[PDB]
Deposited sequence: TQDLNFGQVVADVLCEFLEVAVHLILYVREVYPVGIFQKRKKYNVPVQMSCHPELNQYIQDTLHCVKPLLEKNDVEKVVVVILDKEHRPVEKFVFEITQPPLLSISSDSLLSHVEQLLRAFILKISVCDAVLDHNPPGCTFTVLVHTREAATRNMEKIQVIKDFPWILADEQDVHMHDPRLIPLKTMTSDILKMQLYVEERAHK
């Protein structure tokens, strides 16, 4: 049939999906005013995307650095951490990833759609978050390897550092699974860790 194949499709599909999910999470958790968001269609369902260049550039730079590590399946978890005014983690949206095309590639599209839908309504299964919140992103690699750090430093003005306990530690976290998908080429789950009392 065809010989033209990207080979790095899965990583790009994941990166693209992660961007949409991050935008949606920021919307439903009200980390930013609904004003900067514009309704859109992704995976054939409605999503909310930011139109703010500063924010968009931050999210894009972040995932671009991640991409290379995804291409080699060195990433165990990608986490969106919602922080309150005191800069303490209050919520964590965890994407636990495991990487074991054509129509089958659209198959994952259908599978990823379930995660988007779950995020859209997670507002219900979670407790309201504090006022002045912001966020950060954490990348848990499968193994502590210098190669991972090498690969991630792909943008001069956007460096990465090793996280600190104060960046990840959350008080009495409660688990809230949202979606688990299983299949060849991609096994992943999304769950939220929520501080017991906000």
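Of the deposited sequence, only positions 101 to 106 lack a modelled C-alpha atom.
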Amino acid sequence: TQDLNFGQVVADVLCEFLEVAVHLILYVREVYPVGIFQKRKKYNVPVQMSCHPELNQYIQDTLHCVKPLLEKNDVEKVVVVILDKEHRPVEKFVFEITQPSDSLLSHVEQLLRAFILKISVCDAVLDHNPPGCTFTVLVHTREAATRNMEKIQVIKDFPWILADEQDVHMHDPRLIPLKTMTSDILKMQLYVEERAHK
From here on, numbers count along this sequence of modelled residues.
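Stretches 17 to 25 and 180 to 188 differ in mean C-alpha B factor, with the higher average recorded for 180 to 188.
When the mean C-alpha temperature factors of 73 to 81 and 116 to 124 are read from the deposited coordinates, 116 to 124 comes out higher. If you compare the C-alpha temperature factors of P130, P68, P46, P159 in the entry, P130 comes out highest.
Ranked against the other modelled residues of its chain, the C-alpha B-factor of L104 as given in the entry falls in the highest third. Per the deposited record, the Cα B-factor of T141 falls in the lowest third when ranked against the other modelled residues of its chain. Ranked within its chain, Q166 lands in the highest third, by CA B factor from the PDB record. Sorting the modelled residues of the chain by their CA temperature factor places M149 in the middle third. When all modelled residues of the chain are sorted by CA temperature factor, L63 is found within the lowest third.
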